[PDB]
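Next come structure tokens for two forms of one protein chain, structure 1 first, structure 2 second.
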Structure 1
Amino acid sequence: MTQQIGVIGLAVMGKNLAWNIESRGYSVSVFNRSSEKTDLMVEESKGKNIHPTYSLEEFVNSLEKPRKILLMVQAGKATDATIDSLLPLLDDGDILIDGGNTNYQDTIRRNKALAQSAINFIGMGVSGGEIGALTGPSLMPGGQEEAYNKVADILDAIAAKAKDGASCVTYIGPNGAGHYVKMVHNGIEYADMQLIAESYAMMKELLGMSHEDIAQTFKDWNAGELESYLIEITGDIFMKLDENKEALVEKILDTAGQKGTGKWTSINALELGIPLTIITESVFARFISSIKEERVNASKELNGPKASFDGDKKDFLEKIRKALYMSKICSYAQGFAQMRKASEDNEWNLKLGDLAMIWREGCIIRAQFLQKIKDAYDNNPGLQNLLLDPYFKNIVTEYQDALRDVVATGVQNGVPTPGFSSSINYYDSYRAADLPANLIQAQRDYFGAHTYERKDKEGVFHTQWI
């Protein structure tokens, strides 16, 4: 009567994961606190190997041991309440897998406490949306390694497969490493969408392009090095019409929503001392879009230059493309630098090459560009920055001219390019042997006696400047 794995939380993503697991031949028990949605799953699953349960006691007793329970409830209170109600009914060695988009510190807290009751806790990031959950997502499980290996066959079977047959799931690391990697994935996704949107702003507001010339430009870009899911769906979005046969996306209110997780990536980067300029500017860009009424008011009081481009439009579209690809490199270089630092300060022993690997398919940021990130760390596991990898170093040293032209053209024409601007400023700061921070250091010694170091001598120095 025992089933192989259990899922709690029968909304569309818990339901789609259970069906994915069932699609691969494993017997699944399901439970939803409100039993009426379990009653819809049984009807929507007639013929599959879905054993419904209608109490936490019948659910736990329906599962083989060590019990494998996938939590797909909403984050925060409902997750901790589900864990706490489950814990008395569990035995030593059982395994809980929180699959929500949980803040990684909650996972670290839940892993530590559950470990004192001999319960394994895996915080697993899940990316791919609801269609991806049903057919093959990218999974980022972190927690006890032994617990992971006891459920690794299920994870491997349901996860997306990259073009080399590799399943888009691997053991991330201890405790909160998986949910940390999922959060950084979303931060990268914020930047990828902002850079795409800056590209659209240039095309719409500087080159005066229509939605079909915009769509076709993105489809063209998706045929080369920039091939990504996000560029691919952007091309579809500029082809969708409304009732009046006008472009629908132009009818959408330009207030970017954000359910956190993007702001978490920058908050952590600031704590770690990691310059995450590009993802953070994309978070701030969402913030300022949400004060729509304030922007409408300032547009009637603050002057600016008219957007006027008189050069070659096709040749400048190619520059925007190069600028978009190089900004992606710098943003990923920042994002992967955050993950090495978080690996170091948490002793997670993150293998950054494995993270690019599991992001080649399934997730929202999936792109052929990620195969080149894996190739970088395969050729050099000690790679300190993606900008130094021979392939990426070759791209940025040539594309920087197109990026500089795009930024300077948008700045002079009043088109905001925050992701392009911080990209070229990151490249120029990271490659600068000497920075003006020496003036900052001398100022801090002037008004605070904070001392400074020298370039030619060694030791700590303090100057009476006046």
Structure 2
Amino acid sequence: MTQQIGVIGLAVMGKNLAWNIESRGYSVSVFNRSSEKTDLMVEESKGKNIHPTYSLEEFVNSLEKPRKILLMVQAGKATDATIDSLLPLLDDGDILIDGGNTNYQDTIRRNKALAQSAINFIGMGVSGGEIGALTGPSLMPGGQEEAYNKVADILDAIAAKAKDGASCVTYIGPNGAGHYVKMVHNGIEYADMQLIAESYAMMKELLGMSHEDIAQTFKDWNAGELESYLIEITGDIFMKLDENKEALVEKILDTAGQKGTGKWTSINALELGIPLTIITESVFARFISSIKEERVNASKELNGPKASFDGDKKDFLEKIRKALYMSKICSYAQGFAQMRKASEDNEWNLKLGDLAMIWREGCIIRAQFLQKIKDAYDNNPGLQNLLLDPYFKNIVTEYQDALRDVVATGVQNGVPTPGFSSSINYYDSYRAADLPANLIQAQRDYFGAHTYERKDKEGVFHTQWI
């Protein structure tokens, strides 16, 4: 009278995972604090091996040992409440797996505390949404390596299967390493969406393209280097019409939301001293678009240039394509530099070549762009920046002319390009052998006596500038 794994939190995500685990031949117990949601699942699981429970004691006593408990409750304090109530009921060696979109610092705090009580805590990032959770998500579990191996086969059976037959799951590293990589991957998707949005803004407000030509443009781009799940979905979106045979994408209110992570990865980059300019401008861009009523009033008070393009539009369309691909490359270069620094500071010993399976960028499809990131770090693990990898190096040095043109016309025509500008600014700052920071060092030496180093002489110096 025992089950092999239990799930707590029977919302859409937790219910779908329990069904996924069940469909592989595993006996699953379930529990929900409010009882109406757990017996609801019972009526939907008439043929499935799902054993409902209605108390925390019954749920824990229903699982074989070492117990494997998958936590799919609300992020934040509800998760801490579930762990705090489970802890006195658990036994030494049990495994708690938090599959929610947790801040990695909370995963580190819980994994450290429960380890003192001989309880394993695996923070697992889950990608795929409700659809993927049912059929096969991609998982980023982090925590005790021995606890992962005890549950590796369950995670392997329920995870997505790539083209190579490989499971979309691997051990990221200790404690909060899994939730961290999940956060950084989502932050990289933040940048890609903002760069695709900027590409659509120029195709619409500058080239005056229809929603038919816009959709066909992205589908063309998805066939080449820009092949990604986001580009493919973007093309289909511009083809879904509404009541009056109009593009529904244009009637959607332009206020972008975010459930954290975007804030989290930019805050982390600032803490690590990593320049995550493109992902941070993307998070800021979502902030600005939420002040919609404030923006509409500002539009009536702040004038700007009228967008005009008299030249060859289809060659400018290709320049936008090169600008999008290069800015995406700088996006990853910043994001993977962030991951390298984070593994150093957290002593995670991460393998960046193994952390290139981003979901929205073509995960199961084995997108060529992802394998190029993996191979770059695989061939040179000590690689300091993806911009210096021979492949990406060759592209950004040839595509920079297109990005500079696209940024220039965008600014001169009043169409904001926070992500495009960040990329060409990053490439120009990163490649600059000399920066005007020497002037900043001089000001800092005067105002706060912070001293300075020199380019010709060794040592540190202070100067009476006045």
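Superpose the two forms; the largest set of C-alphas matching within 1.5 Å is the rigid core. Sequence positions of structure 1, starting at 1, serve as the residue numbers.
Considering 329, 365, 90, 83, one residue stands apart with a C-alpha shift of at least 2 Å between the two structures following superposition on the core, and it is 365. With the core held fixed, residue 12 shows a CA shift below 2 Å between the two structures. The two forms line up on their rigid core, and residue 446 then has its Cα shifted by 3.0 Å between the two structures. A C-alpha shift of 1.2 Å is found for residue 315 between the two structures, based on superposition of the rigid core.
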